[PDB]
Amino acid sequence: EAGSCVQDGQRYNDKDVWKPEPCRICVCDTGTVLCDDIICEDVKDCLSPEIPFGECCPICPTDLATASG
């Protein structure tokens with residue numbers, strides 16, 4: 001279609017937004033694929049870090065007694 005992109009053998013409709021990997025986000029902009037990578041800023045050393053399925057960055061679970069901000 002008009003304005004569609006081609007990347008790694010796939011065709012994406014103009015304006016599609018997708019993540020080929022959890023830390024990469026892409027947009028098809030009038031035939032040109034624009035992708036940014038995601039960098040995690042880990043503000044604290046965590047004793048139980050978890051990376052939810054399909055996500056790039058960790059969560060550091062806290063109980064209600066300590067949760068704030």
# chains A, B, ... in the order shown; residues from 1 in each chain; ligands from 1
call {"tool": "residues_around", "arguments": {"residues": "residue A:29", "least_positions_apart": "4", "cutoff": "12 Å", "atoms": "only C-alpha atoms", "output": "short mmCIF file (atom, residue, chain, number, x, y, z; two decimals) with C-alpha atoms, in the first residue's frame"}}
result
data_model
loop_
_atom_site.label_atom_id
_atom_site.label_comp_id
_atom_site.auth_asym_id
_atom_site.auth_seq_id
_atom_site.Cartn_x
_atom_site.Cartn_y
_atom_site.Cartn_z
CA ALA A 2 0.90 3.74 -0.36
CA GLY A 3 3.52 4.74 2.25
CA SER A 4 4.10 1.16 3.49
CA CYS A 5 7.52 0.05 4.84
CA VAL A 6 9.59 -3.12 4.35
CA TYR A 12 4.10 -2.66 7.51
CA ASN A 13 1.20 -0.34 6.66
CA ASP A 14 1.98 3.38 6.83
CA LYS A 15 1.73 4.58 10.49
CA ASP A 16 2.06 1.06 11.99
CA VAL A 17 3.80 1.06 15.40
CA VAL A 33 11.12 2.72 9.22
CA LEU A 34 12.05 4.80 12.32
CA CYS A 35 13.11 2.78 15.42
#
call {"tool": "residues_around", "arguments": {"residues": "residue A:55", "least_positions_apart": "6", "cutoff": "10 Å", "atoms": "only C-alpha atoms", "output": "ChimeraX atom specification"}}
result
/A:19,21-23
call {"tool": "residues_around", "arguments": {"residues": "stretch 38-50 of chain A", "least_positions_apart": "3", "cutoff": "9 Å", "atoms": "only C-alpha atoms", "output": "list in words"}}
result
residues 22, 23, 24, 25, 56, 57, 58, 59, 60 and 61 of chain A
call {"tool": "select_by_dssp", "arguments": {"residues": "stretch 2-43 of chain A", "states": "strand (DSSP E or B)", "output": "list in words"}}
result
residues 5, 6, 7, 10, 11, 12, 17, 18, 19, 20, 21, 24, 25, 26, 27, 28, 29, 32, 33, 34, 35, 36 and 37 of chain A
call {"tool": "write_last_selection", "arguments": {"atoms": "N, CA, C and O atoms", "output": "PDB file, in the first residue's frame"}}
result
ATOM      1  N   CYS A   5       6.106   0.311   4.595  1.00  0.00           N
ATOM      2  CA  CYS A   5       7.523   0.046   4.837  1.00  0.00           C
ATOM      3  C   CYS A   5       7.824  -1.415   4.704  1.00  0.00           C
ATOM      4  O   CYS A   5       6.944  -2.230   4.967  1.00  0.00           O
ATOM      5  N   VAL A   6       9.093  -1.749   4.429  1.00  0.00           N
ATOM      6  CA  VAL A   6       9.592  -3.118   4.351  1.00  0.00           C
ATOM      7  C   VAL A   6      10.777  -3.233   5.304  1.00  0.00           C
ATOM      8  O   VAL A   6      11.706  -2.427   5.224  1.00  0.00           O
ATOM      9  N   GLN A   7      10.744  -4.213   6.211  1.00  0.00           N
ATOM     10  CA  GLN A   7      11.836  -4.462   7.154  1.00  0.00           C
ATOM     11  C   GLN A   7      11.885  -5.950   7.480  1.00  0.00           C
ATOM     12  O   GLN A   7      10.866  -6.529   7.875  1.00  0.00           O
ATOM     13  N   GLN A  10       9.259  -8.252   6.034  1.00  0.00           N
ATOM     14  CA  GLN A  10       7.846  -7.956   6.355  1.00  0.00           C
ATOM     15  C   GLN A  10       7.434  -6.610   5.795  1.00  0.00           C
ATOM     16  O   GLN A  10       8.285  -5.725   5.674  1.00  0.00           O
ATOM     17  N   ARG A  11       6.138  -6.421   5.500  1.00  0.00           N
ATOM     18  CA  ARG A  11       5.611  -5.139   5.033  1.00  0.00           C
ATOM     19  C   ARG A  11       4.736  -4.594   6.127  1.00  0.00           C
ATOM     20  O   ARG A  11       4.024  -5.364   6.762  1.00  0.00           O
ATOM     21  N   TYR A  12       4.866  -3.302   6.442  1.00  0.00           N
ATOM     22  CA  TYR A  12       4.103  -2.665   7.506  1.00  0.00           C
ATOM     23  C   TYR A  12       3.347  -1.552   6.861  1.00  0.00           C
ATOM     24  O   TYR A  12       3.961  -0.777   6.118  1.00  0.00           O
ATOM     25  N   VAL A  17       2.839   0.965  14.286  1.00  0.00           N
ATOM     26  CA  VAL A  17       3.804   1.061  15.398  1.00  0.00           C
ATOM     27  C   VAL A  17       3.996  -0.360  15.911  1.00  0.00           C
ATOM     28  O   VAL A  17       3.019  -1.049  16.182  1.00  0.00           O
ATOM     29  N   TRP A  18       5.249  -0.803  16.054  1.00  0.00           N
ATOM     30  CA  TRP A  18       5.476  -2.174  16.542  1.00  0.00           C
ATOM     31  C   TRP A  18       6.782  -2.264  17.331  1.00  0.00           C
ATOM     32  O   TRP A  18       7.652  -1.392  17.181  1.00  0.00           O
ATOM     33  N   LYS A  19       6.937  -3.352  18.093  1.00  0.00           N
ATOM     34  CA  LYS A  19       8.188  -3.621  18.806  1.00  0.00           C
ATOM     35  C   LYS A  19       8.753  -4.916  18.250  1.00  0.00           C
ATOM     36  O   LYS A  19       8.226  -5.981  18.604  1.00  0.00           O
ATOM     37  N   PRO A  20       9.808  -4.873  17.410  1.00  0.00           N
ATOM     38  CA  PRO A  20      10.397  -6.137  16.925  1.00  0.00           C
ATOM     39  C   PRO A  20      11.092  -6.929  18.042  1.00  0.00           C
ATOM     40  O   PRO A  20      11.269  -8.146  17.927  1.00  0.00           O
ATOM     41  N   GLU A  21      11.508  -6.229  19.112  1.00  0.00           N
ATOM     42  CA  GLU A  21      12.074  -6.794  20.343  1.00  0.00           C
ATOM     43  C   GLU A  21      11.518  -5.953  21.521  1.00  0.00           C
ATOM     44  O   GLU A  21      11.092  -4.813  21.291  1.00  0.00           O
ATOM     45  N   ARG A  24      12.931  -2.366  21.601  1.00  0.00           N
ATOM     46  CA  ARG A  24      13.022  -1.603  20.370  1.00  0.00           C
ATOM     47  C   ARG A  24      11.594  -1.255  19.938  1.00  0.00           C
ATOM     48  O   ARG A  24      10.718  -2.120  19.935  1.00  0.00           O
ATOM     49  N   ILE A  25      11.370   0.014  19.595  1.00  0.00           N
ATOM     50  CA  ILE A  25      10.046   0.483  19.190  1.00  0.00           C
ATOM     51  C   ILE A  25      10.193   1.175  17.853  1.00  0.00           C
ATOM     52  O   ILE A  25      11.054   2.047  17.686  1.00  0.00           O
ATOM     53  N   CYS A  26       9.345   0.754  16.883  1.00  0.00           N
ATOM     54  CA  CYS A  26       9.401   1.187  15.487  1.00  0.00           C
ATOM     55  C   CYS A  26       8.102   1.798  14.999  1.00  0.00           C
ATOM     56  O   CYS A  26       7.016   1.482  15.488  1.00  0.00           O
ATOM     57  N   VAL A  27       8.239   2.693  14.030  1.00  0.00           N
ATOM     58  CA  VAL A  27       7.127   3.325  13.327  1.00  0.00           C
ATOM     59  C   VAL A  27       7.429   3.320  11.837  1.00  0.00           C
ATOM     60  O   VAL A  27       8.587   3.474  11.416  1.00  0.00           O
ATOM     61  N   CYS A  28       6.386   3.061  11.024  1.00  0.00           N
ATOM     62  CA  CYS A  28       6.514   3.152   9.603  1.00  0.00           C
ATOM     63  C   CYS A  28       6.050   4.566   9.242  1.00  0.00           C
ATOM     64  O   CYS A  28       4.896   4.905   9.473  1.00  0.00           O
ATOM     65  N   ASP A  29       6.963   5.383   8.755  1.00  0.00           N
ATOM     66  CA  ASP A  29       6.661   6.766   8.394  1.00  0.00           C
ATOM     67  C   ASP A  29       6.942   6.990   6.909  1.00  0.00           C
ATOM     68  O   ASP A  29       8.099   7.148   6.512  1.00  0.00           O
ATOM     69  N   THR A  32       9.616   4.964   5.329  1.00  0.00           N
ATOM     70  CA  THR A  32      10.842   4.893   6.117  1.00  0.00           C
ATOM     71  C   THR A  32      10.524   4.327   7.513  1.00  0.00           C
ATOM     72  O   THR A  32       9.634   4.823   8.218  1.00  0.00           O
ATOM     73  N   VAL A  33      11.288   3.325   7.901  1.00  0.00           N
ATOM     74  CA  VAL A  33      11.122   2.719   9.222  1.00  0.00           C
ATOM     75  C   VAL A  33      11.966   3.563  10.184  1.00  0.00           C
ATOM     76  O   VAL A  33      13.175   3.699   9.957  1.00  0.00           O
ATOM     77  N   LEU A  34      11.350   4.058  11.262  1.00  0.00           N
ATOM     78  CA  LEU A  34      12.052   4.802  12.322  1.00  0.00           C
ATOM     79  C   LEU A  34      11.966   3.967  13.604  1.00  0.00           C
ATOM     80  O   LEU A  34      10.863   3.703  14.061  1.00  0.00           O
ATOM     81  N   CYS A  35      13.108   3.575  14.189  1.00  0.00           N
ATOM     82  CA  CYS A  35      13.115   2.782  15.422  1.00  0.00           C
ATOM     83  C   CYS A  35      13.938   3.465  16.466  1.00  0.00           C
ATOM     84  O   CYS A  35      15.012   3.945  16.150  1.00  0.00           O
ATOM     85  N   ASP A  36      13.491   3.410  17.708  1.00  0.00           N
ATOM     86  CA  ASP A  36      14.309   3.847  18.853  1.00  0.00           C
ATOM     87  C   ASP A  36      14.599   2.596  19.691  1.00  0.00           C
ATOM     88  O   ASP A  36      13.742   1.714  19.788  1.00  0.00           O
ATOM     89  N   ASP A  37      15.769   2.544  20.347  1.00  0.00           N
ATOM     90  CA  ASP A  37      15.986   1.504  21.326  1.00  0.00           C
ATOM     91  C   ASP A  37      15.608   2.060  22.700  1.00  0.00           C
ATOM     92  O   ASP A  37      15.602   3.266  22.889  1.00  0.00           O
TER      93      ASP A  37
END
call {"tool": "decode", "arguments": {"residues": "stretch 25-67 of chain A", "atoms": "N, CA and C atoms", "output": "compact mmCIF listing (two decimals), in the first residue's frame"}}
result
# COMPACT_ATOMS: atom_id res chain seq x y z
N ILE A 25 11.37 0.01 19.60
CA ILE A 25 10.05 0.48 19.19
C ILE A 25 10.19 1.17 17.85
N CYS A 26 9.34 0.75 16.88
CA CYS A 26 9.40 1.19 15.49
C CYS A 26 8.10 1.80 15.00
N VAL A 27 8.24 2.69 14.03
CA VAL A 27 7.13 3.32 13.33
C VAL A 27 7.43 3.32 11.84
N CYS A 28 6.39 3.06 11.02
CA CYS A 28 6.51 3.15 9.60
C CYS A 28 6.05 4.57 9.24
N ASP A 29 6.96 5.38 8.75
CA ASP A 29 6.66 6.77 8.39
C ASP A 29 6.94 6.99 6.91
N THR A 30 5.88 6.93 6.08
CA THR A 30 5.91 7.13 4.61
C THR A 30 7.06 6.39 3.92
N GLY A 31 7.11 5.07 4.12
CA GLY A 31 8.14 4.24 3.52
C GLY A 31 9.42 4.11 4.30
N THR A 32 9.62 4.96 5.33
CA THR A 32 10.84 4.89 6.12
C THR A 32 10.52 4.33 7.51
N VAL A 33 11.29 3.32 7.90
CA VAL A 33 11.12 2.72 9.22
C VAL A 33 11.97 3.56 10.18
N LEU A 34 11.35 4.06 11.26
CA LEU A 34 12.05 4.80 12.32
C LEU A 34 11.97 3.97 13.60
N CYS A 35 13.11 3.58 14.19
CA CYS A 35 13.11 2.78 15.42
C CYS A 35 13.94 3.46 16.47
N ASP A 36 13.49 3.41 17.71
CA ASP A 36 14.31 3.85 18.85
C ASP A 36 14.60 2.60 19.69
N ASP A 37 15.77 2.54 20.35
CA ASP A 37 15.99 1.50 21.33
C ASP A 37 15.61 2.06 22.70
N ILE A 38 15.32 1.19 23.65
CA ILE A 38 14.94 1.57 24.98
C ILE A 38 16.07 1.20 25.89
N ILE A 39 16.44 2.15 26.73
CA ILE A 39 17.49 2.00 27.74
C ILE A 39 16.86 2.12 29.12
N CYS A 40 17.19 1.19 30.01
CA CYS A 40 16.56 1.20 31.33
C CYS A 40 17.45 1.94 32.26
N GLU A 41 16.89 2.88 32.96
CA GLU A 41 17.65 3.58 34.01
C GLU A 41 17.26 2.97 35.33
N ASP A 42 18.20 2.20 35.90
CA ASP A 42 17.98 1.51 37.16
C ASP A 42 18.49 2.38 38.29
N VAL A 43 17.55 3.11 38.87
CA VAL A 43 17.74 4.11 39.92
C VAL A 43 18.15 3.51 41.29
N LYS A 44 17.90 2.20 41.50
CA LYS A 44 18.22 1.52 42.74
C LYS A 44 18.62 0.06 42.55
N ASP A 45 19.55 -0.42 43.40
CA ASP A 45 19.93 -1.83 43.43
C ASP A 45 18.76 -2.55 44.11
N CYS A 46 18.22 -3.54 43.43
CA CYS A 46 17.01 -4.23 43.85
C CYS A 46 17.36 -5.64 44.30
N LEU A 47 16.70 -6.17 45.36
CA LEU A 47 16.95 -7.55 45.78
C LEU A 47 16.11 -8.56 44.99
N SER A 48 14.98 -8.12 44.41
CA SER A 48 14.10 -9.00 43.63
C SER A 48 13.64 -8.36 42.29
N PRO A 49 14.56 -8.02 41.36
CA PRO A 49 14.11 -7.41 40.09
C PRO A 49 13.36 -8.42 39.23
N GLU A 50 12.38 -7.93 38.49
CA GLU A 50 11.55 -8.76 37.63
C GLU A 50 11.35 -8.03 36.32
N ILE A 51 11.48 -8.73 35.19
CA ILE A 51 11.20 -8.11 33.89
C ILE A 51 9.94 -8.80 33.39
N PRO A 52 8.78 -8.08 33.42
CA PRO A 52 7.53 -8.69 32.94
C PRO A 52 7.64 -9.13 31.48
N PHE A 53 6.99 -10.25 31.13
CA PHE A 53 7.00 -10.78 29.77
C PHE A 53 6.67 -9.70 28.72
N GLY A 54 7.52 -9.59 27.70
CA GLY A 54 7.38 -8.61 26.61
C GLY A 54 7.83 -7.20 26.91
N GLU A 55 8.29 -6.94 28.14
CA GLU A 55 8.74 -5.62 28.53
C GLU A 55 10.26 -5.55 28.52
N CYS A 56 10.80 -4.36 28.47
CA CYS A 56 12.22 -4.17 28.40
C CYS A 56 12.88 -4.09 29.78
N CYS A 57 12.27 -3.31 30.66
CA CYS A 57 12.84 -2.90 31.91
C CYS A 57 12.25 -3.55 33.16
N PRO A 58 13.04 -3.56 34.24
CA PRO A 58 12.59 -4.23 35.46
C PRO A 58 11.69 -3.41 36.34
N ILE A 59 10.95 -4.12 37.15
CA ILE A 59 10.19 -3.57 38.26
C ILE A 59 10.88 -4.14 39.51
N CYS A 60 10.89 -3.39 40.59
CA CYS A 60 11.46 -3.81 41.87
C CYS A 60 10.32 -3.84 42.87
N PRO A 61 9.64 -5.00 43.05
CA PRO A 61 8.49 -5.07 43.97
C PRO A 61 8.79 -4.60 45.38
N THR A 62 7.84 -3.84 45.93
CA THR A 62 7.92 -3.27 47.26
C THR A 62 6.61 -3.65 47.99
N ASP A 63 6.67 -3.82 49.31
CA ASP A 63 5.43 -4.12 50.04
C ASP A 63 4.69 -2.80 50.36
N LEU A 64 3.45 -2.86 50.89
CA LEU A 64 2.73 -1.61 51.21
C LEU A 64 3.39 -0.79 52.29
N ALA A 65 4.11 -1.42 53.23
CA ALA A 65 4.79 -0.68 54.30
C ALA A 65 5.88 0.22 53.76
N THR A 66 6.53 -0.20 52.66
CA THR A 66 7.64 0.59 52.15
C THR A 66 7.29 1.36 50.88
N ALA A 67 6.24 0.97 50.16
CA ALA A 67 5.90 1.66 48.92
C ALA A 67 5.59 3.13 49.11
